[PDB]
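Here is the file query07.txt (compact mmCIF, C-alpha atoms).
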# COMPACT_ATOMS: atom_id res chain seq x y z
CA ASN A 1 1.96 22.46 0.08
CA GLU A 2 0.51 20.00 2.63
CA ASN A 3 1.09 18.00 -0.52
CA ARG A 4 4.20 16.05 0.48
CA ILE A 5 2.53 14.90 3.68
CA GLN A 6 -0.54 14.17 1.63
CA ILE A 7 1.36 11.96 -0.69
CA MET A 8 2.50 9.77 2.18
CA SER A 9 -0.95 9.56 3.81
CA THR A 10 -2.57 8.81 0.42
CA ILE A 11 -0.05 6.01 -0.09
CA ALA A 12 -1.01 4.66 3.35
CA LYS A 13 -4.73 4.83 2.49
CA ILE A 14 -4.20 3.05 -0.82
CA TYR A 15 -2.16 0.38 0.95
CA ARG A 16 -4.84 -0.41 3.51
CA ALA A 17 -7.55 -0.61 0.85
CA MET A 18 -5.33 -2.74 -1.40
CA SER A 19 -4.48 -5.15 1.45
CA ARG A 20 -8.17 -5.66 2.14
CA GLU A 21 -9.17 -6.17 -1.50
CA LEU A 22 -6.20 -8.49 -2.18
CA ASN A 23 -7.04 -10.54 0.92
CA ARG A 24 -10.53 -10.93 -0.58
CA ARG A 25 -9.48 -11.70 -4.16
CA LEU A 26 -6.66 -14.09 -3.17
CA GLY A 27 -9.14 -16.13 -1.14
CA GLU A 28 -10.14 -17.67 -4.45
CA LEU A 29 -6.77 -19.45 -4.23
CA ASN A 30 -7.13 -20.03 -0.49
CA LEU A 31 -4.40 -17.51 0.22
CA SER A 32 -4.29 -14.46 2.48
CA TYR A 33 -2.25 -11.47 1.26
CA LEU A 34 0.51 -12.44 3.72
CA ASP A 35 0.57 -15.99 2.29
CA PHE A 36 1.07 -14.42 -1.13
CA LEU A 37 3.93 -12.29 0.17
CA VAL A 38 5.61 -15.35 1.68
CA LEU A 39 5.42 -17.08 -1.73
CA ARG A 40 6.82 -14.00 -3.46
CA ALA A 41 9.74 -13.93 -1.01
CA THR A 42 10.50 -17.67 -1.22
CA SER A 43 10.15 -17.57 -5.00
CA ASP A 44 13.13 -15.20 -4.84
CA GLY A 45 14.97 -17.80 -2.77
CA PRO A 46 14.76 -19.82 0.47
CA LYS A 47 14.16 -17.60 3.52
CA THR A 48 14.27 -17.93 7.29
CA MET A 49 11.07 -17.15 9.21
CA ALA A 50 12.91 -14.28 10.92
CA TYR A 51 13.61 -12.74 7.51
CA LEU A 52 9.94 -13.00 6.50
CA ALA A 53 8.63 -11.42 9.71
CA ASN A 54 10.98 -8.45 9.35
CA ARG A 55 10.55 -8.02 5.60
CA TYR A 56 6.77 -7.78 5.86
CA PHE A 57 6.63 -6.15 9.29
CA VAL A 58 4.45 -8.80 10.94
CA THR A 59 4.86 -10.91 14.08
CA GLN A 60 6.67 -14.25 14.13
CA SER A 61 3.30 -15.84 14.90
CA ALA A 62 1.86 -14.40 11.67
CA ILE A 63 4.67 -16.02 9.67
CA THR A 64 4.41 -19.35 11.50
CA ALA A 65 0.67 -19.44 10.75
CA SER A 66 1.23 -18.44 7.14
CA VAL A 67 3.95 -21.03 6.63
CA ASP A 68 1.95 -23.86 8.26
CA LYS A 69 -0.88 -23.01 5.90
CA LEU A 70 1.24 -22.96 2.73
CA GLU A 71 3.04 -26.08 3.96
CA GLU A 72 -0.29 -27.81 4.56
CA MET A 73 -1.22 -26.97 0.98
CA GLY A 74 2.17 -28.21 -0.27
CA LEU A 75 3.29 -24.80 -1.55
CA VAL A 76 6.34 -24.47 0.72
CA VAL A 77 8.45 -26.85 2.77
CA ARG A 78 10.70 -26.20 5.76
CA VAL A 79 14.22 -27.45 5.03
CA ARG A 80 17.46 -27.23 7.00
CA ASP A 81 20.24 -25.01 5.73
CA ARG A 82 23.12 -27.05 4.27
CA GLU A 83 25.98 -25.16 5.97
CA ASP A 84 24.38 -25.31 9.43
CA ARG A 85 21.61 -27.87 9.77
CA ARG A 86 20.39 -26.09 12.92
CA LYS A 87 18.90 -23.26 10.85
CA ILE A 88 15.58 -23.86 9.10
CA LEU A 89 14.60 -22.24 5.78
CA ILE A 90 11.20 -21.95 4.08
CA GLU A 91 11.50 -23.24 0.50
CA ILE A 92 8.89 -22.88 -2.24
CA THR A 93 7.75 -26.05 -4.07
CA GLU A 94 7.10 -26.35 -7.80
CA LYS A 95 3.40 -26.29 -6.97
CA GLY A 96 3.98 -23.23 -4.82
CA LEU A 97 5.49 -21.51 -7.84
CA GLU A 98 2.43 -22.48 -9.93
CA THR A 99 0.06 -21.01 -7.32
CA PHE A 100 2.29 -17.95 -7.07
CA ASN A 101 1.83 -17.46 -10.83
CA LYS A 102 -1.97 -17.49 -10.37
CA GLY A 103 -1.77 -15.08 -7.44
CA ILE A 104 0.28 -12.68 -9.57
CA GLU A 105 -2.39 -12.70 -12.26
CA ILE A 106 -5.01 -11.87 -9.63
CA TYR A 107 -2.72 -9.10 -8.43
CA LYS A 108 -2.14 -7.85 -12.01
CA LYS A 109 -5.88 -7.65 -12.68
CA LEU A 110 -6.55 -5.56 -9.56
CA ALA A 111 -3.64 -3.23 -10.34
CA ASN A 112 -4.82 -2.77 -13.93
CA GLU A 113 -8.20 -1.86 -12.47
CA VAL A 114 -7.12 0.65 -9.80
CA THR A 115 -4.56 2.34 -12.07
CA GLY A 116 -6.91 2.31 -15.07
CA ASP A 117 -7.21 6.11 -15.24
CA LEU A 118 -3.50 6.33 -15.90
CA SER A 119 -1.97 6.09 -19.37
CA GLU A 120 1.12 3.92 -19.79
CA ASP A 121 3.01 7.22 -19.99
CA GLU A 122 1.68 8.41 -16.61
CA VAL A 123 2.32 4.96 -15.12
CA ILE A 124 6.04 5.14 -15.92
CA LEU A 125 6.31 8.71 -14.70
CA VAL A 126 4.52 7.86 -11.44
CA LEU A 127 6.52 4.66 -10.83
CA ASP A 128 9.82 6.44 -11.45
CA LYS A 129 8.92 9.11 -8.89
CA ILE A 130 7.51 6.91 -6.12
CA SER A 131 10.55 4.67 -6.65
CA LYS A 132 12.64 7.63 -5.48
CA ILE A 133 10.48 7.93 -2.36
CA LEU A 134 10.99 4.22 -1.61
CA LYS A 135 14.75 4.42 -2.02
CA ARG A 136 14.89 7.42 0.31
CA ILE A 137 12.90 5.85 3.11
CA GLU A 138 14.47 2.40 2.85
CA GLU A 139 17.91 3.91 3.58
CA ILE A 140 16.53 6.01 6.42
CA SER A 141 14.53 3.37 8.33
CA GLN A 142 17.29 0.74 8.03
CA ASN B 1 4.55 -2.98 -18.50
CA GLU B 2 4.79 -4.91 -15.21
CA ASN B 3 4.67 -1.26 -14.25
CA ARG B 4 1.09 -1.01 -12.99
CA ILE B 5 1.62 -3.98 -10.71
CA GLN B 6 4.92 -2.45 -9.73
CA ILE B 7 3.29 0.75 -8.72
CA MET B 8 1.05 -1.07 -6.27
CA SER B 9 3.85 -3.19 -4.79
CA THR B 10 6.12 -0.12 -4.49
CA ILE B 11 3.32 1.68 -2.64
CA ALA B 12 3.08 -1.31 -0.30
CA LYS B 13 6.85 -1.29 0.29
CA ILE B 14 6.86 2.44 1.02
CA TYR B 15 3.95 1.97 3.42
CA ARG B 16 5.68 -0.70 5.47
CA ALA B 17 8.88 1.32 5.70
CA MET B 18 6.95 4.48 6.58
CA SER B 19 4.95 2.70 9.30
CA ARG B 20 8.17 1.49 10.90
CA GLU B 21 9.95 4.85 10.75
CA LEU B 22 6.86 6.75 11.99
CA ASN B 23 6.46 4.30 14.88
CA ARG B 24 10.07 5.14 15.78
CA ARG B 25 9.86 8.92 15.36
CA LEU B 26 6.46 9.25 17.10
CA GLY B 27 7.90 7.47 20.14
CA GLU B 28 9.40 10.84 21.04
CA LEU B 29 5.81 11.81 21.89
CA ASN B 30 5.08 8.42 23.43
CA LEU B 31 2.79 7.53 20.54
CA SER B 32 2.69 4.54 18.21
CA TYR B 33 1.66 5.19 14.59
CA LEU B 34 -1.77 3.71 15.39
CA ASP B 35 -2.15 6.11 18.34
CA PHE B 36 -1.44 8.94 15.92
CA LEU B 37 -4.06 7.64 13.50
CA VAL B 38 -6.64 7.46 16.29
CA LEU B 39 -5.92 11.13 17.13
CA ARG B 40 -6.20 12.11 13.47
CA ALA B 41 -9.58 10.36 13.25
CA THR B 42 -10.97 11.81 16.50
CA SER B 43 -9.65 15.26 15.57
CA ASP B 44 -12.05 14.98 12.63
CA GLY B 45 -14.83 14.18 15.09
CA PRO B 46 -15.86 11.70 17.82
CA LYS B 47 -15.64 8.08 16.64
CA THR B 48 -16.78 4.66 17.84
CA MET B 49 -14.10 2.02 18.40
CA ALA B 50 -15.73 -0.07 15.67
CA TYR B 51 -15.21 2.79 13.21
CA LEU B 52 -11.53 3.11 14.15
CA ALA B 53 -10.81 -0.62 13.80
CA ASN B 54 -12.36 -0.71 10.33
CA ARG B 55 -10.90 2.58 9.13
CA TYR B 56 -7.35 1.54 9.94
CA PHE B 57 -7.78 -2.18 9.28
CA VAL B 58 -6.66 -3.36 12.72
CA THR B 59 -8.26 -5.59 15.36
CA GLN B 60 -10.64 -4.29 18.03
CA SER B 61 -7.96 -5.19 20.56
CA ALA B 62 -5.49 -2.88 18.81
CA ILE B 63 -7.94 0.02 19.11
CA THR B 64 -8.81 -0.76 22.74
CA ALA B 65 -5.10 -0.76 23.60
CA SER B 66 -4.50 2.44 21.65
CA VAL B 67 -7.45 4.21 23.24
CA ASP B 68 -6.53 3.14 26.80
CA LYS B 69 -3.08 4.54 26.16
CA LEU B 70 -4.25 7.90 24.79
CA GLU B 71 -6.87 8.02 27.55
CA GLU B 72 -4.21 7.34 30.17
CA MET B 73 -2.25 10.25 28.75
CA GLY B 74 -5.38 12.44 28.73
CA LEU B 75 -5.45 12.84 24.94
CA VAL B 76 -8.85 11.22 24.41
CA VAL B 77 -11.84 10.42 26.58
CA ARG B 78 -14.61 7.87 26.13
CA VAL B 79 -18.00 9.60 26.20
CA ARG B 80 -21.53 8.32 25.65
CA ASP B 81 -23.41 9.39 22.54
CA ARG B 82 -26.15 11.92 23.35
CA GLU B 83 -28.93 10.32 21.26
CA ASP B 84 -28.34 6.82 22.65
CA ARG B 85 -26.30 6.72 25.85
CA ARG B 86 -25.61 3.02 25.26
CA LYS B 87 -23.12 3.82 22.49
CA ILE B 88 -19.64 4.99 23.49
CA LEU B 89 -17.55 7.42 21.42
CA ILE B 90 -13.83 8.27 21.60
CA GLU B 91 -13.44 12.06 21.86
CA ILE B 92 -10.19 14.01 21.54
CA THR B 93 -9.26 16.44 24.35
CA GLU B 94 -7.74 19.89 23.89
CA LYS B 95 -4.44 18.38 24.99
CA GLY B 96 -4.95 15.57 22.50
CA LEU B 97 -5.26 18.18 19.77
CA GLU B 98 -2.02 19.82 20.96
CA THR B 99 -0.17 16.49 20.83
CA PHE B 100 -1.75 15.78 17.45
CA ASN B 101 -0.25 19.06 16.20
CA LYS B 102 3.23 17.90 17.32
CA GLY B 103 2.74 14.49 15.73
CA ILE B 104 1.82 16.17 12.44
CA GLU B 105 5.04 18.17 12.49
CA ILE B 106 7.00 14.95 13.03
CA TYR B 107 5.07 13.45 10.14
CA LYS B 108 5.68 16.53 7.95
CA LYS B 109 9.43 16.38 8.56
CA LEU B 110 9.66 12.71 7.54
CA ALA B 111 7.57 13.32 4.43
CA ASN B 112 9.69 16.31 3.43
CA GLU B 113 12.69 14.01 3.80
CA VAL B 114 11.47 10.98 1.83
CA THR B 115 9.97 13.10 -0.97
CA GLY B 116 12.95 15.46 -1.06
CA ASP B 117 14.02 14.43 -4.58
CA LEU B 118 10.72 15.71 -5.91
CA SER B 119 10.13 19.32 -6.92
CA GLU B 120 6.88 20.95 -5.79
CA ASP B 121 5.79 20.52 -9.41
CA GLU B 122 6.40 16.75 -9.36
CA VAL B 123 4.75 16.50 -5.94
CA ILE B 124 1.46 17.92 -7.25
CA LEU B 125 1.58 15.77 -10.37
CA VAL B 126 2.27 12.63 -8.32
CA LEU B 127 -0.40 13.40 -5.69
CA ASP B 128 -3.02 14.09 -8.36
CA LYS B 129 -2.31 10.73 -10.00
CA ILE B 130 -2.11 8.52 -6.90
CA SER B 131 -5.28 10.27 -5.72
CA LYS B 132 -6.99 8.71 -8.75
CA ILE B 133 -5.69 5.27 -7.71
CA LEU B 134 -7.09 5.77 -4.19
CA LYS B 135 -10.50 6.84 -5.44
CA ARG B 136 -10.65 3.79 -7.72
CA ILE B 137 -9.80 1.25 -5.05
CA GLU B 138 -11.89 2.82 -2.30
CA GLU B 139 -15.04 2.36 -4.42
CA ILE B 140 -14.06 -1.19 -5.34
CA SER B 141 -13.17 -2.58 -1.88
CA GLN B 142 -16.21 -0.98 -0.22

Please lay out the structure from this file as structure tokens.
Amino acid sequence: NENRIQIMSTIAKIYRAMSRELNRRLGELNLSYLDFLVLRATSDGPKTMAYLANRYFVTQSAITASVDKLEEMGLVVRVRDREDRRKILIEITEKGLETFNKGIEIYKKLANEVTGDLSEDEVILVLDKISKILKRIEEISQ
Amino acid sequence: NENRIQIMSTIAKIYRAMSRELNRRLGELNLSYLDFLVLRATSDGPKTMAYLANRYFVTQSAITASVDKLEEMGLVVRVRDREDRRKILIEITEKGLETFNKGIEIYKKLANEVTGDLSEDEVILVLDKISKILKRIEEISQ
């Protein structure tokens, strides 16, 4: 078995290809993949820029550029935290949520395509197993 | 099923965590994850910097920095292509190969850890299936 190591490098290969294809397909909505991720995160709740940079493993500059772009398009707004007005949060707008919905459909379509060879039964089995891999490494790295 | 889309986002999450942990663990050998990838690629054969940037989806500057670093440590050397001396290739050195070996063991150990919940039987089943996902998207994106 060079299989375990192969699983991790295959996952890495799929990720790079998926990032590239998603960057391309999301352009239809004038969004980079990172922009999409920022919307996904803020849809979950207001976030600080520091949170976003760490969550997606990108530089602060990447986040600042992404936010300015979503902000410019009225999808997010920077608002001060209520408890301490010195801290700024990135908050999704109703329009941001609407664009997020569209981005998810673009994402769904690509996923349905790339996983097309798998039956719903295999999908569940695969998800369940790679979910174990994620849980293991998330504890380890942080 | 939000499962197919969940498979792709779980793969993305695992990738980010793995990149971070590998960057940490490979530091023991004074290598970033990208440095490791450059060694893996050049181990396969001499490569141009353009090839490396595209293969790993990073900027040319990332590759230049990675190469200078491996070069400085005597793991790779820049050599001119024989057919057209104007083109420069990045070639791994015998020492580079030796360090690559060590990096692979570090990688193997992490993989054995994160996939530990899986039996060799599940490993093969999972690899076979995600290999189908990779083949699908690699054709699509390029």

Quick one: chain B onto chain A, least squares on all Cα paired in order, result as a JSON list (two decimals) with C-alpha atoms, keeping the file's coordinate frame?
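Written file, out-v1.json:
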[["chain", "number", "residue", "atom", "x", "y", "z"],
["B", 1, "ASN", "CA", 1.97, 22.46, 0.09],
["B", 2, "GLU", "CA", 0.52, 20.00, 2.63],
["B", 3, "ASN", "CA", 1.09, 18.00, -0.51],
["B", 4, "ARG", "CA", 4.20, 16.05, 0.48],
["B", 5, "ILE", "CA", 2.54, 14.90, 3.68],
["B", 6, "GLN", "CA", -0.54, 14.17, 1.64],
["B", 7, "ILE", "CA", 1.36, 11.96, -0.69],
["B", 8, "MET", "CA", 2.50, 9.78, 2.19],
["B", 9, "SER", "CA", -0.95, 9.57, 3.81],
["B", 10, "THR", "CA", -2.58, 8.81, 0.42],
["B", 11, "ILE", "CA", -0.06, 6.01, -0.09],
["B", 12, "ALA", "CA", -1.01, 4.66, 3.34],
["B", 13, "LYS", "CA", -4.73, 4.83, 2.49],
["B", 14, "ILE", "CA", -4.20, 3.05, -0.82],
["B", 15, "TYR", "CA", -2.16, 0.38, 0.95],
["B", 16, "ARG", "CA", -4.84, -0.41, 3.50],
["B", 17, "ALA", "CA", -7.54, -0.61, 0.85],
["B", 18, "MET", "CA", -5.33, -2.74, -1.40],
["B", 19, "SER", "CA", -4.48, -5.14, 1.45],
["B", 20, "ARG", "CA", -8.18, -5.66, 2.14],
["B", 21, "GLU", "CA", -9.17, -6.17, -1.50],
["B", 22, "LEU", "CA", -6.20, -8.49, -2.18],
["B", 23, "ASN", "CA", -7.04, -10.54, 0.92],
["B", 24, "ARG", "CA", -10.53, -10.93, -0.58],
["B", 25, "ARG", "CA", -9.49, -11.70, -4.16],
["B", 26, "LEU", "CA", -6.65, -14.09, -3.17],
["B", 27, "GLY", "CA", -9.14, -16.12, -1.13],
["B", 28, "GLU", "CA", -10.14, -17.68, -4.45],
["B", 29, "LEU", "CA", -6.78, -19.45, -4.23],
["B", 30, "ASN", "CA", -7.14, -20.03, -0.49],
["B", 31, "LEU", "CA", -4.40, -17.51, 0.22],
["B", 32, "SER", "CA", -4.28, -14.46, 2.48],
["B", 33, "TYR", "CA", -2.25, -11.47, 1.25],
["B", 34, "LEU", "CA", 0.50, -12.44, 3.72],
["B", 35, "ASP", "CA", 0.57, -15.99, 2.29],
["B", 36, "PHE", "CA", 1.07, -14.43, -1.13],
["B", 37, "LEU", "CA", 3.92, -12.29, 0.17],
["B", 38, "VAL", "CA", 5.61, -15.34, 1.69],
["B", 39, "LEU", "CA", 5.42, -17.08, -1.73],
["B", 40, "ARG", "CA", 6.82, -14.00, -3.46],
["B", 41, "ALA", "CA", 9.74, -13.93, -1.01],
["B", 42, "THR", "CA", 10.50, -17.67, -1.21],
["B", 43, "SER", "CA", 10.16, -17.57, -5.01],
["B", 44, "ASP", "CA", 13.13, -15.20, -4.84],
["B", 45, "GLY", "CA", 14.97, -17.80, -2.78],
["B", 46, "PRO", "CA", 14.76, -19.82, 0.47],
["B", 47, "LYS", "CA", 14.16, -17.60, 3.51],
["B", 48, "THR", "CA", 14.26, -17.92, 7.30],
["B", 49, "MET", "CA", 11.07, -17.14, 9.21],
["B", 50, "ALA", "CA", 12.91, -14.29, 10.92],
["B", 51, "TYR", "CA", 13.61, -12.74, 7.51],
["B", 52, "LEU", "CA", 9.95, -13.00, 6.49],
["B", 53, "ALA", "CA", 8.63, -11.42, 9.71],
["B", 54, "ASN", "CA", 10.98, -8.45, 9.35],
["B", 55, "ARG", "CA", 10.54, -8.02, 5.60],
["B", 56, "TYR", "CA", 6.77, -7.78, 5.86],
["B", 57, "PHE", "CA", 6.63, -6.14, 9.29],
["B", 58, "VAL", "CA", 4.45, -8.79, 10.94],
["B", 59, "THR", "CA", 4.85, -10.91, 14.08],
["B", 60, "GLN", "CA", 6.67, -14.25, 14.13],
["B", 61, "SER", "CA", 3.30, -15.83, 14.89],
["B", 62, "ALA", "CA", 1.87, -14.40, 11.67],
["B", 63, "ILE", "CA", 4.67, -16.02, 9.66],
["B", 64, "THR", "CA", 4.41, -19.35, 11.50],
["B", 65, "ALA", "CA", 0.67, -19.44, 10.76],
["B", 66, "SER", "CA", 1.23, -18.45, 7.13],
["B", 67, "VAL", "CA", 3.95, -21.03, 6.63],
["B", 68, "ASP", "CA", 1.96, -23.86, 8.26],
["B", 69, "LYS", "CA", -0.87, -23.01, 5.90],
["B", 70, "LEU", "CA", 1.24, -22.96, 2.73],
["B", 71, "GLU", "CA", 3.03, -26.08, 3.96],
["B", 72, "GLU", "CA", -0.29, -27.81, 4.55],
["B", 73, "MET", "CA", -1.22, -26.97, 0.98],
["B", 74, "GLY", "CA", 2.17, -28.21, -0.27],
["B", 75, "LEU", "CA", 3.29, -24.80, -1.54],
["B", 76, "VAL", "CA", 6.34, -24.48, 0.72],
["B", 77, "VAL", "CA", 8.45, -26.85, 2.77],
["B", 78, "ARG", "CA", 10.69, -26.21, 5.75],
["B", 79, "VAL", "CA", 14.22, -27.45, 5.03],
["B", 80, "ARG", "CA", 17.46, -27.24, 7.00],
["B", 81, "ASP", "CA", 20.24, -25.01, 5.73],
["B", 82, "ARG", "CA", 23.12, -27.05, 4.27],
["B", 83, "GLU", "CA", 25.98, -25.16, 5.97],
["B", 84, "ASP", "CA", 24.38, -25.31, 9.43],
["B", 85, "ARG", "CA", 21.61, -27.87, 9.78],
["B", 86, "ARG", "CA", 20.39, -26.09, 12.91],
["B", 87, "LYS", "CA", 18.90, -23.25, 10.85],
["B", 88, "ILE", "CA", 15.58, -23.86, 9.10],
["B", 89, "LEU", "CA", 14.60, -22.24, 5.79],
["B", 90, "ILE", "CA", 11.20, -21.94, 4.08],
["B", 91, "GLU", "CA", 11.50, -23.23, 0.50],
["B", 92, "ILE", "CA", 8.89, -22.88, -2.24],
["B", 93, "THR", "CA", 7.75, -26.05, -4.07],
["B", 94, "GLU", "CA", 7.10, -26.35, -7.80],
["B", 95, "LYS", "CA", 3.40, -26.29, -6.97],
["B", 96, "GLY", "CA", 3.98, -23.23, -4.82],
["B", 97, "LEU", "CA", 5.48, -21.51, -7.84],
["B", 98, "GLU", "CA", 2.43, -22.48, -9.92],
["B", 99, "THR", "CA", 0.06, -21.01, -7.32],
["B", 100, "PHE", "CA", 2.29, -17.95, -7.07],
["B", 101, "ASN", "CA", 1.83, -17.46, -10.83],
["B", 102, "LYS", "CA", -1.97, -17.49, -10.37],
["B", 103, "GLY", "CA", -1.76, -15.09, -7.44],
["B", 104, "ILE", "CA", 0.28, -12.69, -9.58],
["B", 105, "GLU", "CA", -2.39, -12.70, -12.26],
["B", 106, "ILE", "CA", -5.01, -11.87, -9.63],
["B", 107, "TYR", "CA", -2.73, -9.10, -8.43],
["B", 108, "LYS", "CA", -2.14, -7.85, -12.00],
["B", 109, "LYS", "CA", -5.88, -7.65, -12.68],
["B", 110, "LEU", "CA", -6.54, -5.56, -9.56],
["B", 111, "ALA", "CA", -3.65, -3.24, -10.34],
["B", 112, "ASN", "CA", -4.81, -2.78, -13.93],
["B", 113, "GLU", "CA", -8.20, -1.86, -12.46],
["B", 114, "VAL", "CA", -7.12, 0.65, -9.80],
["B", 115, "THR", "CA", -4.57, 2.34, -12.07],
["B", 116, "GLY", "CA", -6.91, 2.30, -15.07],
["B", 117, "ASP", "CA", -7.21, 6.11, -15.24],
["B", 118, "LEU", "CA", -3.50, 6.33, -15.91],
["B", 119, "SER", "CA", -1.98, 6.09, -19.38],
["B", 120, "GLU", "CA", 1.12, 3.92, -19.79],
["B", 121, "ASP", "CA", 3.00, 7.22, -19.99],
["B", 122, "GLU", "CA", 1.68, 8.41, -16.61],
["B", 123, "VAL", "CA", 2.31, 4.97, -15.12],
["B", 124, "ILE", "CA", 6.04, 5.13, -15.91],
["B", 125, "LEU", "CA", 6.32, 8.71, -14.69],
["B", 126, "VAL", "CA", 4.53, 7.86, -11.44],
["B", 127, "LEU", "CA", 6.52, 4.66, -10.83],
["B", 128, "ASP", "CA", 9.83, 6.44, -11.45],
["B", 129, "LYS", "CA", 8.93, 9.11, -8.89],
["B", 130, "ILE", "CA", 7.51, 6.90, -6.12],
["B", 131, "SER", "CA", 10.54, 4.67, -6.65],
["B", 132, "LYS", "CA", 12.64, 7.63, -5.49],
["B", 133, "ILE", "CA", 10.48, 7.93, -2.36],
["B", 134, "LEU", "CA", 10.99, 4.22, -1.60],
["B", 135, "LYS", "CA", 14.75, 4.41, -2.03],
["B", 136, "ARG", "CA", 14.89, 7.42, 0.31],
["B", 137, "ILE", "CA", 12.90, 5.84, 3.11],
["B", 138, "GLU", "CA", 14.47, 2.40, 2.85],
["B", 139, "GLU", "CA", 17.91, 3.91, 3.58],
["B", 140, "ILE", "CA", 16.53, 6.01, 6.42],
["B", 141, "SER", "CA", 14.53, 3.36, 8.33],
["B", 142, "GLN", "CA", 17.29, 0.75, 8.03]]

For CA of residue 136 (chain A) and CA of residue 113 (chain A), the interatomic separation in Å (one decimal):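 That distance, rounded to one decimal, is 28.0 Å.
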
Residue 65 (chain B) surroundings by all atoms listed in the file, 12 Å radius, close-in-sequence under 2 positions cut, as a list in words: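 My list of contacting residues is residues 31, 32, 34, 35, 38, 49, 53, 58, 59, 60, 61, 62, 63, 67, 68, 69, 70, 71 and 72 of chain B.
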
Shortest interatomic distance to residue 114 (chain A) - which of B:10, B:5, B:89, B:83, counting only C-alpha atoms: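 Distance minimum relative to residue 114 (chain A) lands on B:5.
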
Nearest to chain B, chosen from A:127, A:78, A:142, A:101, with only C-alpha atoms counted in the distances: A:127

Å distance separating CA of residue 133 (chain B) from CA of residue 57 (chain A), one decimal place: 23.9 Å

Interatomic distance, CA of residue 80 (chain A) to CA of residue 29 (chain A) (Å, one decimal):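 That distance, rounded to one decimal, is 27.8 Å.
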
Can I get region 80-94 of chain B with N, CA and C atoms filled in, as a PDB file, in the coordinates of the input?
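Final output, saved to result-v1.pdb:
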ATOM      1  N   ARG B  80     -20.344   8.937  26.209  1.00  0.00           N
ATOM      2  CA  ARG B  80     -21.530   8.320  25.650  1.00  0.00           C
ATOM      3  C   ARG B  80     -22.197   9.240  24.646  1.00  0.00           C
ATOM      4  N   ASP B  81     -22.711   8.644  23.578  1.00  0.00           N
ATOM      5  CA  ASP B  81     -23.410   9.390  22.540  1.00  0.00           C
ATOM      6  C   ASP B  81     -24.669   9.995  23.173  1.00  0.00           C
ATOM      7  N   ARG B  82     -24.989  11.232  22.796  1.00  0.00           N
ATOM      8  CA  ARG B  82     -26.150  11.920  23.350  1.00  0.00           C
ATOM      9  C   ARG B  82     -27.500  11.304  23.003  1.00  0.00           C
ATOM     10  N   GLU B  83     -27.679  10.919  21.739  1.00  0.00           N
ATOM     11  CA  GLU B  83     -28.930  10.320  21.260  1.00  0.00           C
ATOM     12  C   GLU B  83     -29.252   8.939  21.842  1.00  0.00           C
ATOM     13  N   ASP B  84     -28.211   8.147  22.071  1.00  0.00           N
ATOM     14  CA  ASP B  84     -28.340   6.820  22.650  1.00  0.00           C
ATOM     15  C   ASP B  84     -27.137   6.626  23.565  1.00  0.00           C
ATOM     16  N   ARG B  85     -27.356   6.831  24.860  1.00  0.00           N
ATOM     17  CA  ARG B  85     -26.300   6.720  25.850  1.00  0.00           C
ATOM     18  C   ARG B  85     -25.623   5.355  25.924  1.00  0.00           C
ATOM     19  N   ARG B  86     -26.198   4.354  25.262  1.00  0.00           N
ATOM     20  CA  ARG B  86     -25.610   3.020  25.260  1.00  0.00           C
ATOM     21  C   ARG B  86     -24.360   2.944  24.386  1.00  0.00           C
ATOM     22  N   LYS B  87     -24.277   3.812  23.385  1.00  0.00           N
ATOM     23  CA  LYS B  87     -23.120   3.820  22.490  1.00  0.00           C
ATOM     24  C   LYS B  87     -21.992   4.710  23.026  1.00  0.00           C
ATOM     25  N   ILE B  88     -20.766   4.202  23.009  1.00  0.00           N
ATOM     26  CA  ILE B  88     -19.640   4.990  23.490  1.00  0.00           C
ATOM     27  C   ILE B  88     -18.778   5.510  22.337  1.00  0.00           C
ATOM     28  N   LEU B  89     -18.374   6.775  22.441  1.00  0.00           N
ATOM     29  CA  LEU B  89     -17.550   7.420  21.420  1.00  0.00           C
ATOM     30  C   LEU B  89     -16.184   7.764  22.026  1.00  0.00           C
ATOM     31  N   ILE B  90     -15.173   7.892  21.171  1.00  0.00           N
ATOM     32  CA  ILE B  90     -13.830   8.270  21.600  1.00  0.00           C
ATOM     33  C   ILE B  90     -13.730   9.732  21.167  1.00  0.00           C
ATOM     34  N   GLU B  91     -13.519  10.625  22.129  1.00  0.00           N
ATOM     35  CA  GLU B  91     -13.440  12.060  21.860  1.00  0.00           C
ATOM     36  C   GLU B  91     -12.074  12.635  22.218  1.00  0.00           C
ATOM     37  N   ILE B  92     -11.495  13.401  21.300  1.00  0.00           N
ATOM     38  CA  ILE B  92     -10.190  14.010  21.540  1.00  0.00           C
ATOM     39  C   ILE B  92     -10.308  15.161  22.544  1.00  0.00           C
ATOM     40  N   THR B  93      -9.272  15.354  23.361  1.00  0.00           N
ATOM     41  CA  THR B  93      -9.260  16.440  24.350  1.00  0.00           C
ATOM     42  C   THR B  93      -8.438  17.592  23.767  1.00  0.00           C
ATOM     43  N   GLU B  94      -8.491  18.756  24.405  1.00  0.00           N
ATOM     44  CA  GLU B  94      -7.740  19.890  23.890  1.00  0.00           C
ATOM     45  C   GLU B  94      -6.258  19.535  23.881  1.00  0.00           C
TER      46      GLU B  94
END
